[PDB]
Amino acid sequence: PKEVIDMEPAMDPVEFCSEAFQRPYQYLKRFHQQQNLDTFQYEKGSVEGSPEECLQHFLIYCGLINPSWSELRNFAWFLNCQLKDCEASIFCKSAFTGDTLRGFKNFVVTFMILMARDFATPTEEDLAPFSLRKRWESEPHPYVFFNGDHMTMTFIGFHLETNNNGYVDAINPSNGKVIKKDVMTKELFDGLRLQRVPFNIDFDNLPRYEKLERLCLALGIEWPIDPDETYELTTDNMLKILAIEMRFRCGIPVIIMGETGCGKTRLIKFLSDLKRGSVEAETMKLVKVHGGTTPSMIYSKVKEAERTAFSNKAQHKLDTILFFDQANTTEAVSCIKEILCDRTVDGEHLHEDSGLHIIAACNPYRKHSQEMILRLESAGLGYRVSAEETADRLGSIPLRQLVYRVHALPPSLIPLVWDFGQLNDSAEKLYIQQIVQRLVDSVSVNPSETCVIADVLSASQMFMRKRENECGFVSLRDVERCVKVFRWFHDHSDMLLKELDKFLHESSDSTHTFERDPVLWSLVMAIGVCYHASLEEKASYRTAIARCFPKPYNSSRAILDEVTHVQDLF
Ligand SMILES: Nc1ncnc2c1ncn2[C@@H]1O[C@H](COP(=O)(O)OP(=O)(O)OP(=O)(O)O)[C@@H](O)[C@H]1O
């Protein structure tokens, strides 16, 4: 649109005449100039508005400098869905019968623009179109939703704090951000407190049952039941799940941006089982996408997913989900593009009344450090094909040097990706503790040493992050692979220590003739095998992990001699 307004139609005649554009444009027409929206809107007709001026309105309220037609379509579709929920609620009639809820609808549209800023506004030289992430989940995500079945709403992701001029402003939790001055009138605030709206709630100090009730209301689930409670449900995860649900229930394609460390599959499975509750039908459908996947199997799997989608919907009245993990490593990433962006599989249209939501993932596009590139090229014999002559690149850089071998994400997906988070390590250690308490089975193993195990796991993870390069971003993937290693080492830690003492007695002096913990030595083995085995700067790791170790192995020499002794034992 930005490059047609000057020289000149532009809008689709059948789409302007559609409600998905007429309703947002009608509301924007009434709101651009200042009129009370108490009048009855959405006549189920076509207003005397022009497609050109409609495009002008959506441009001046889209904010981003150079929007494609896809981004305008996303904005308008999202805004239409949200205003449809607003009209479906009895709050317009609530204001009519209250006669003092004035200023409610201007706040409604302003907050709509805010959450649209959230949703339909994203944004090395060749990685610049991809790695340049202006907004992360470490940003304000003000969210409001209208719960269909009942008459209670949910205001998540922000706070309402009394302003100095008598008003109430949007203050984000855990810090001070004073965005959106003068958004509402105090009569709306009074009517809201008359309506007992759950506004300005810090969800970090609310019970699991109550937060699940808040979700089920927000997720529109009636008679909620709690399917899983072994996963911590923080505020940011709530923001993510509501973001996904809004995205795929309004119509926006939902591509997921994040690294392997972040928990994405777990969260979507959580959402799917919350939607399902107790039916035995297969709702979530994981698809493992990898660097040998060709379009035939993706097309076939999507077809079978839509088949099982009819199966679920027609005779269960349920909504299912199909998921793709790291759906970027395939040379057929664009196949995922036509699957999800324009709703067409292998040239065949995907039915909106079938009942199915497609969610795909993506890896972050970032080049390795030159230090580990030297490490790789020096791994004995160098690579067969050098970088200048590698055919499978994305730009001027081979996939061999990237942190994930990921091909160029096609356009019309860049305006769609949105990051889940970097796993800031504030909740990393808690998840590690949960894993090490769930899968170690330490009912009677070590009442307090489990804290030490989790802490040294987090310390090693921080060592991995506190270094310019990493193997493959094995964050929260090597820990859930090494808890099992630790459990195995403890399970056989009985004859191992006996053989250790025998070997050290029959082949060494009295220095290695001391008792060792069945756990701490097992911890030394787990760190030696999962983490200390791979990296080539082992001295630094030995000196930077000896801190979290207790008295027997306070230094690097102790850890090294223990690992070497066990290798010699085997
Ligand atoms: N002039 C227009 N007026 C209204 N909507 C438009 C206009 N042009 C495009 N759109 C909207 O843009 C959306 C995306 O466009 P479309 O799928 O044709 O993109 P594309 O350029 O073919 O995609 P890609 O290059 O990613 O394959 C369509 O669903 C359509 O509704």
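Residues numbered from 1 in each chain as written, not as in the entry; some residues may be left out. Part of a larger assembly, values for the part shown. Heavy atoms only, no water.

- If you check the header, you'll see the entry was determined by cryo-EM and the resolution is listed as 4.5 Å.

1. Section: the site of the ligand
1) Next: All residues adjacent to the ligand are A10, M11, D12, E15, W69, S70, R73, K337, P411 and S412.
2) Next: At a separation of 2.9 Å, a nitrogen atom of the ligand approaches a polar backbone atom of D12.
3) Next: At 2.4 Å from an oxygen atom of the ligand is found a side-chain nitrogen or oxygen belonging to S412.
4) Next: It is helix α4 (residues 69-88) that provides the largest number of residues to the shell around the ligand, a total of three residues. (Near = heavy atom within 4 Å. Polar contact = N/O pair within 3.5 Å; in protein donor to acceptor, adjacent residues only side chain to side chain. Helix = DSSP H or I, 4+ residues; strand = E, 2+ residues; numbered from the N terminus.)

2. Some points on the pairing of strand β5 (residues 254-257)
1) Next: Here β5 shows no split at all, with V254 and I256 on one side and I255 and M257 on the other all buried.
2) Next: One ladder, built from four bridges, connects β5 with strand β10 (residues 357-362); its direction is parallel. Looking at β10, one finds that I256 is bridged to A361. (Buried < 20%, exposed > 50% of the residue type's maximum accessible area, 1.4 Å probe, protein only. Pairing = 2+ DSSP bridges.)

3. A look at the packing of helix α20 (residues 538-545) against helix α21 (residues 556-569)
1) Next: One can describe the packing of α20 onto α21 by two numbers: an axis separation of 8 Å at closest approach and a directional angle of 115 degrees. Regarding α20 and α21, the two cross each other, and that crossing is right-handed. In contact with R542, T543 and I545 of α20, α21 contributes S556, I559 and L560.
2) Next: Grouping the constituent residues of the contact of α20 with α21 by class yields three nonpolar, two polar and one charged. (Axes fitted to C-alpha atoms, helices over the stretch in contact; angles between N-to-C directions. Left-handed = near helix turned anticlockwise from the far one by under 90°. Contact = heavy atoms within 4.5 Å. Nonpolar A, V, L, I, M, F, W, Y, C, P; charged D, E, K, R; others polar.)

4. A short note on helix α19 (residues 520-530)
Given 3.6 residues per helical turn, the α-helix brings residues three or four places apart onto the same face.
1) Next: With 10 of its 11 residues buried, α19 lies for the most part within the structure.
2) Next: Among the residues of α19, those classed as buried are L520, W521, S522, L523, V524, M525, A526, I527, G528 and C530.

5. Quick notes on the sheet that holds β5
1) Next: The strand order across the open sheet built from four strands is β5-β10-β7-β6, with neighbouring strands paired in parallel fashion. Each edge of the open sheet is held by one strand with a lone partner, namely β5 and β6 (284-288). Within this sheet the neighbouring strands show an average axis-to-axis angle of 20 degrees, counted without direction.
2) Next: Relative to strand β7 (residues 321-325), β6 is paired through five bridges, and the arrangement is parallel. Bridge pairing links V287 to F324 in β7.

6. A look at helix α11 (residues 265-276)
1) Next: In a regular helix each residue adds 1.5 Å, so 12 residues correspond to 16 Å; α11 covers 16 Å between its end C-alpha atoms and thus fits that length.
2) Next: Turning to α11, the residues buried within the fold contact α9 (208-218), α10 (235-250), β6, β7 and β10.
3) Next: Phi turns positive one or two residues past the end of α11, at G277, with a value near 85 degrees. (Expected span 1.5 Å × (residues − 1).)

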